[PDB]
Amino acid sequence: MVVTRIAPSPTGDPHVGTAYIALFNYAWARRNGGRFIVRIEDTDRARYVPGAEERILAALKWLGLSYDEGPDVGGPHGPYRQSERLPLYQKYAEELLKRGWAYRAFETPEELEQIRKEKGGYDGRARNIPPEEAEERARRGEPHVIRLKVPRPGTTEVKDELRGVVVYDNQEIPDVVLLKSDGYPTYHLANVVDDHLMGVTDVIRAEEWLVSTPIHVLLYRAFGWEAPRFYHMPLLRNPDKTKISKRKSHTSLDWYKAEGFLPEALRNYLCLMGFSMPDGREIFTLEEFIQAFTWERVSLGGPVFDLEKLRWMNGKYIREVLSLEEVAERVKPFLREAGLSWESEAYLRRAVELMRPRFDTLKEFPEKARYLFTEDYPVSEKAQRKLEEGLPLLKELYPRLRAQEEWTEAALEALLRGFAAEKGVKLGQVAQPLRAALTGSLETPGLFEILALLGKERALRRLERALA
């Protein structure tokens, strides 16, 4: 069948590039009724960040992805954390040693640096150490690493399903270390061992790994295992076209969640990086994406992540994909965070309804409609000027307002329309200043709905402080 995986390294914030890749592995697996695996690649104890694992795992679920096997969902080929698989890599490294597909090298990092400075890269000098001597020095406990013994001279063919065949000359392939002197494996060794033991048949990862694939093809040969298919996706880019990074772009998935982007929208935007629906449609569900997925519709250029288009899509989701109620619910955390409270579900729902076409992120809602939940709201200088210019007619309208029994949008409008007419003046000449008094802003939703919202008492009560 088809078995895919996402192999995040817990070394920092949950990365958007990881979400992007996970997304296509998930679709390919599901599209073929296969299995999507999560394997935590925590082999670099120096860069390992505690708490990073939970964060990427939580973020993948937040985005809407589900995995069939992994650290927290079980699976028949665990552990799904490489740090817990050390004896396994050890065993396989030693097997390569015995097959004469690798050798022990005992150079100190300082020496390797010198070698690199003199000849560039490693010259594979340790291959000249007698096998028995190497084993003896190993038993004595002399620190060392185990390196891949590349067949020299030679050539190595890699097959990328999206770009065709690429033939590397072994002189371009270094005798990479397979097992570090701390007993930990390097990415290359653990990747091939685990992909094979976990049954991965389709390796989908970012293009940054294409050049290292020949190393993997050689490892599969050394172990005598069948290589899986390889699909290298393009790298997400910063505005300047360099691969997306923390200092030039927001690469943390937690940042997106904290900023009020809907996971559904972010995921939908991510699907547009290197992929498109047959009919050009831009808004679609995760399930629709799975069904339409085809490698024929995947484009290879490096896409720049456009925060602006993402915000547009998030606003699109907010007003046309989700229902009023879903938005109302997803807005609560952000109200709380802003220290704002809402009277009841009915009030909140109506407030969200009035602001729906006016906010692209859940975070903008508490910011642009603060005056709807608290008396602690700012009044713009421009709102203040409009308020003063209209004080005279408001003073006159005030009593009419307090005379209104049916405090309804339909009624209030008729009342105001009349007041502006009998005063031989345009509605705006009264609407704008009333808006400023009611909200402290001159950019809000319709006046009648804003006036109606709080109810007679609250409306006039606030109007009074203004006329005061």
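Numbers follow the displayed sequence, beginning with 1. By rigid core we mean the largest C-alpha set that fits within 1.5 Å across both forms.
In a rigid core superposition of the other structures in 6 other deposited structures of this protein, 136-144 and 240-248 differ in how far their CA atoms stray, and the farther one is 240-248. Superposition on the core shows that, in 6 other deposited structures of this protein, the C-alpha atoms drift more in one of 19-27 and 440-448; this is 440-448. Taking the PDB entry as given, 131-139 carries the higher mean Cα B factor of the two stretches 131-139 and 90-98. In this entry, 272-280 has the higher mean Cα B-factor, the comparison being between 272-280 and 202-210. The entry lists C-alpha B-factors for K149, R267, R125, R247, and the highest of these is at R247. Considering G339, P234, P357, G75 together, the PDB entry gives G339 the largest C-alpha B factor.
Annotation for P399: CA B-factor lies in the highest third of the chain's modelled residues. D42 sits in the middle third of its chain by CA B factor, as recorded in the PDB entry.
Per the deposited record, the Cα B-factor of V379 falls in the highest third when ranked against the other modelled residues of its chain.
Ranked against the other modelled residues of its chain, the C-alpha B-factor of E69 as given in the entry falls in the lowest third.
Ranked within its chain, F419 lands in the highest third, by CA B factor from the PDB record.
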